[PDB]
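Down below is the structure, laid out as structure tokens.
We place every Cβ from the backbone using ideal geometry, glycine too, and count neighbours over all the protein chains shown. Please treat every number below as a calculation from the coordinates, not as lab data.
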2 protein chains.
Amino acid sequence: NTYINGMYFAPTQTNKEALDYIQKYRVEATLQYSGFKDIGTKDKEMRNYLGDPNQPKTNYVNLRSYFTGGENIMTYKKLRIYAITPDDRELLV
Amino acid sequence: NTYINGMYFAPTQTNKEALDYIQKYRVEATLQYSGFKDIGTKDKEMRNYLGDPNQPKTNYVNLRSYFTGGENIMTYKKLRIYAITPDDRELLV
């Protein structure tokens, strides 16, 4: 299997500056042991896209700095997003 | 045998900020020579969990900087914890 250690979320298209009012990210993944739980609430790390410094700053949900002891696998994922007071799921696999 | 040189105590779950009013830790282990005694009273070293810097700050009872001359083995352990004025044993193997 191949594990997930992050998410390059929303690469910048022509008309998208939607990563400003959106601040917080919560993942509900399936870990190696006791999968579906509150993995935690963290923020974006807007570094790059595809690891290339010659690229605009896109969002990155850091799937490492969360409340886990094992690793995350490729079965399922739930991606809750937190602005001021919605909890809208922007992405779901 | 495999020796113990520390304790990653209380990895951060969803609802746990119980590592603030809790300050001091005393171990009563079984060393290689003259085991059961007051090994000492020390504090937490809240660095990481599982040695990963992409992880929240969890407690760590340092089982090296204590009053010993030998090493600690995997027979028995007693873990006294000190807040202001309890002495409640939070963990016991």
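Taking segment B:30-59 as the search range and keeping residues that are under 23 Å from B:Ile84 (Cα atoms) and outside any loop (DSSP other than H, G, I, E, B), which one is nearest to the other protein chains (Cβ to nearest Cβ)?
Checked segment B:30-59; the qualifying residue nearest to the other protein chains (Cβ to nearest Cβ) is B:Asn59.
Mind checking which residues of segment B:12-29 are touching a strand residue (DSSP E or B) at 6+ places or on another chain (Cβ under 7 Å) and more than 14 Å from chain A (Cβ to nearest Cβ)?
Selection gives B:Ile22, B:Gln23, B:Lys24, B:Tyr25, B:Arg26, B:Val27, B:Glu28, B:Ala29.
Please work out which one of (1) more than 29 Å from A:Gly70 (Cβ to Cβ); (2) surrounded by 12 or more Cβ atoms within 10 Å (Cβ to Cβ); (3) of a type in the set (A, V, I, L, M, F, W, C) is the condition B:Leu63 fails and give its number.
(1)
How do the pairs read when you match residues in segment A:39-65 that are closer than 15 Å to A:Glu90 by Cβ with residues anywhere that are acidic (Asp, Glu), using Cβ under 6 Å and keeping only pairs 6 or more apart or on different chains?
Note: pairs meeting the criteria are A:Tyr60/A:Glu45.
What is the one condition in (1) exposed (fewer than 14 other Cβ atoms within 10 Å of the Cβ); (2) within 14 Å of another protein chain (Cβ to nearest Cβ) that A:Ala83 does not satisfy?
A:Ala83 satisfies every listed condition except (2).
Would you check which residues across segment B:9-38 are among the hydroxyl-bearing types (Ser, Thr, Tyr) and free of Cβ contacts under 8 Å to residues at least 12 places away in the same chain and list them?
The answer is B:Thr14, B:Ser34.
Go through segment B:1-29 and give me each residue that's assigned to a strand (DSSP E or B) and aromatic (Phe, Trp, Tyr).
B:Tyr8, B:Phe9, B:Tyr25
Test A:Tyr76 against the criterion of being farther than 17 Å from A:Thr2 by Cα and either of a type outside the set (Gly, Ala, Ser) or not in a strand (DSSP E or B) (or both), and give yes or no.
Here the answer is no, as A:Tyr76 does not meet what is asked.
Assess whether B:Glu71 counts as being under 30 Å from A:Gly35 (Cβ atoms) and either touching a residue at least 60 places away in the same chain (Cβ under 8 Å) or more than 14 Å from chain A (Cβ to nearest Cβ) (or both).
Criteria not met by B:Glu71.
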